[PDB]
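Peer 1: before the rest arrives, take these chain(s) from the complex:
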Amino acid sequence: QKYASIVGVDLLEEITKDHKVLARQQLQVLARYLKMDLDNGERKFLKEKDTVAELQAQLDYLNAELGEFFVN
Amino acid sequence: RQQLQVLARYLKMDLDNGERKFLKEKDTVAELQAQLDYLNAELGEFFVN
Amino acid sequence: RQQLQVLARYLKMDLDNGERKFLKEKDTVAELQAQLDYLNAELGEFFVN
Amino acid sequence: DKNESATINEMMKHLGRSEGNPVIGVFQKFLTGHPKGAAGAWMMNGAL
Amino acid sequence: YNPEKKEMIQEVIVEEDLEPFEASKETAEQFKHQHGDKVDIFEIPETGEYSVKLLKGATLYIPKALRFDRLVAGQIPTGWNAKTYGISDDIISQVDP
């Protein structure tokens, strides 16, 4: 170990996936047939959280303008 | 409708997941609005503006 | 129609492959016929027969 | 505006303008914007 | 031209084959000469119009909107028209304003 220190010597799944891809597509065409919108929920969800931030921003303002103690 | 349903089940894909999260946030909208409507009442419209 | 289409896509099966090869050969038909129609004109019908 | 102010000053200095007779500057672009092509012509019209 | 809304396009790659649309013989052939292997065209026998199957690996341009930052200009007043001075319509449409 002293000698070593001086000289510098050291001492499967692309089938189950491909199945899921089909089902995904098969679902999609049925959704299209039914005029059923899958993402409708999340769209309305994203909309409301924008108004959450908006109301929170108005709330955070008045908390700042009055102080925590005043509001409570 | 039924044929779609079984595929959704196969994919472990939740159709209503969106609306659940949507209903949740509009409850917090009403909540924040209620807190906002209160302070508007306690101070008057003119004070806030 | 759509349900068929996605399965064809899944199978890597080309529906139109036939007609493509068909359109190709009828272009060579016209080509050979044009060469044939020429020699018929250059020699006369009687000579060829 | 820095450059143009500088060059007119140096013209007036070199030619020995009487001390206390500044040239008066009109800046027509403030009201008319920069008609990049027609710039001088409007300034011409104005000057006349 | 709305400077808040600037039409621009991006070169993208088609992942999955499109649905056919109708076009004239001339028009279709113009697509085929462009894309070659990545498009198919077929005579629709009744009409004599052609179907256009744009295929996987083809190149497309999708419009998008830049939000630009110079919203103001010295503009010739609204309702100014060469008509009112006496210039005729044959001259206007032919010529850059």
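Peer 2: Alright, I've got the coordinates. Numbering: from 1, shown residues only, chains lettered A, B, ... in the order given.
Peer 1: the helix or strand hosting residue A:42 close to chain B?
Peer 2: Assigned by DSSP states H and E, residue A:42 falls within helix A:40-66. Yes: judged by C-beta under 8 Å from any C-beta of the partner chain, helix A:40-66 comes into contact with chain B through A:40-45, A:48-49, A:51-52, A:55-56, A:58-59, A:62. Using the backbone N, CA and C atoms, a C-beta is placed for each residue, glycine as well.
Peer 1: next, the angle helix B:17-43 makes with that helix.
Peer 2: 20 degrees (axes from the mean of the first three to the mean of the last three C-alpha atoms, to 10 degrees).
Peer 1: helix A:40-66 packs against which elements?
Peer 2: For helix A:40-66, the contact count by 3 or more C-beta pairs under 8 Å, 6 or more residues apart in numbering or on different chains; DSSP states H and E identifies helix B:17-43 as packing neighbours.
Peer 1: burial check on residue 12, number of neighbours?
Peer 2: Reading this off chain A. 4 (other C-beta atoms under 10 Å in any protein chain shown).
Peer 1: nope, chain E
Peer 2: Counted with other C-beta under 10 Å, residue E:12 comes out at 11.
Peer 1: same thing with residue E:39?
Peer 2: There are 19 residues near residue E:39, going by other C-beta under 10 Å.
Peer 1: likewise for residue A:44?
Peer 2: 16.
Peer 1: and it, how far is that from chain E?
Peer 2: Look at residue A:44 and chain E: by C-beta to the nearest C-beta, to the nearest Å, they are 24 Å apart.
Peer 1: any idea how far that residue is from residue A:57?
Peer 2: 21 Å (C-beta to C-beta, to the nearest Å).
Peer 1: what is residue E:22 paired to in the beta sheet?
Peer 2: For residue E:22, the beta-bridge partners under DSSP bridges are residue E:51.
Peer 1: now the sequence for chain F, which goes on the structure above:
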Amino acid sequence: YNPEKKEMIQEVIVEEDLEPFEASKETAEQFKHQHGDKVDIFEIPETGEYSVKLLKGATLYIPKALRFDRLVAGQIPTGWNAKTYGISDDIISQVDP
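Peer 2: Same chains as before, plus chain F:
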């Protein structure tokens, strides 16, 4: 530029919804501002990249190829380069040839 092969595009209308593709937040929002109702965008939670569902009734540009008829020009000989006369690279790339 090959005058037998002229890049040109046609304004077409999407009949059926496209398959999603990936793009940056900035990029996606540029699509949304353009198309509005006729496109949807979603945060993919893991990456922070956005999916782009271009929808029915959206406007697209598809490339096509005009066969043009003036194939000849008096051209400065092949291998002519500003390098050989002594012009430096910083000047070339900055400037119209």
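Peer 1: the neighbour count of residue A:12 again please, chain F included this time.
Peer 2: 4.
Peer 1: what of residue E:23?
Peer 2: If we define neighbours as other C-beta under 10 Å, then residue E:23 has 20 of them.
Peer 1: distance check, it against chain C.
Peer 2: 17 Å.
Peer 1: relative to chain F, which residue of chain A is the closest?
Peer 2: residue A:39 (6.2 Å; C-beta to the nearest C-beta).
Peer 1: can you check chain D too?
Peer 2: For chain D, C-beta to the nearest C-beta, closest residue to chain F: residue D:36, 19.1 Å.
Peer 1: distance-wise, check the residue of chain D found nearest chain B relative to residue D:17.
Peer 2: Nearest residue of chain D to chain B (C-beta to the nearest C-beta) works out as residue D:30 at 36.4 Å. Applying C-beta to C-beta, the value for residue D:30 to residue D:17 is 25 Å.
Peer 1: of these two, who's got more company?
Peer 2: Set side by side, residue D:30 and residue D:17 show more neighbours around residue D:17, with 13 against 7, by other C-beta under 10 Å.
Peer 1: pull up the residues of chain D that are close to chain E.
Peer 2: Checking chain D against chain E by C-beta under 8 Å from any C-beta, the hits are D:32, D:33, D:34, D:35.
Peer 1: can you tell me which residues contact the second one?
Peer 2: With contacts defined as C-beta atoms under 8 Å, 6 or more residues apart in numbering or on different chains, residue D:33 is in contact with E:73, E:74.
Peer 1: if I look at it, how far off is residue E:80?
Peer 2: In terms of C-beta to C-beta, residue D:33 sits 15 Å off from residue E:80.
Peer 1: in what helix or strand does the residue in chain E positioned nearest to chain C lie?
Peer 2: Per C-beta to the nearest C-beta, residue E:40 is where chain E lies closest to chain C, at 5.9 Å. Element membership of residue E:40 [criterion: DSSP H and E] is strand E:39-43.
Peer 1: include chain G as well:
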Amino acid sequence: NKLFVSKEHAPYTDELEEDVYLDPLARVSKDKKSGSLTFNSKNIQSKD
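Peer 2: Let me put chain G in with the others:
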């Protein structure tokens, strides 16, 4: 491959820019050190 030579500097320096512009008789002289033609303050508004 040196027919084109991108000139580094103006024949005048930045301090003499103004002075050079205002002397119509100011010509260029061979600079002793550099061996390129530079305007020299001796030949600017010169009696000679």
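Peer 1: now that chain G has been added, could you go back to the neighbour count of residue E:12?
Peer 2: 16.
Peer 1: stretch E:72-87 spans what distance, first to last residue?
Peer 2: 29 Å (C-alpha to C-alpha, to the nearest Å).
Peer 1: how about that stretch: buried residues?
Peer 2: Residues of stretch E:72-87 classed as buried by neighbour count (16 or more other C-beta atoms under 10 Å in any protein chain shown): none.
Peer 1: was I right about residue E:54 contacting residue F:62?
Peer 2: Yes: the pair residue E:54 / residue F:62 is scored as a contact, 6.9 Å apart, by C-beta atoms under 8 Å.
Peer 1: overlap in contacts, those two.
Peer 2: With C-beta under 8 Å, 6+ apart, residue E:54 and residue F:62 have common neighbours E:31, E:60.
Peer 1: residue contacts, the residue in chain G that chain C sits nearest to?
Peer 2: In chain G, the residue that lies nearest chain C is residue G:1 (52.7 Å; C-beta to the nearest C-beta). Residues in contact with residue G:1, defined by C-beta under 8 Å, 6+ apart, are F:83, F:84, F:85, F:86.
Peer 1: looking at chain G, what residue ends up closest to chain F?
Peer 2: Counting by C-beta to the nearest C-beta, chain G gets nearest chain F through residue G:4, at 3.3 Å.
Peer 1: mind naming the longest helix for chain E?
Peer 2: helix E:25-35 (DSSP state H).
Peer 1: quick one: list the elements packing against that helix.
Peer 2: strand E:39-43, strand E:50-54, strand F:6-13, strand F:59-66.
Peer 1: what's the closest of the ones you listed to residue G:24?
Peer 2: Nearest of the helices and strands packed on helix E:25-35 to residue G:24, taken as C-beta to C-beta: strand F:6-13 at 55.8 Å.
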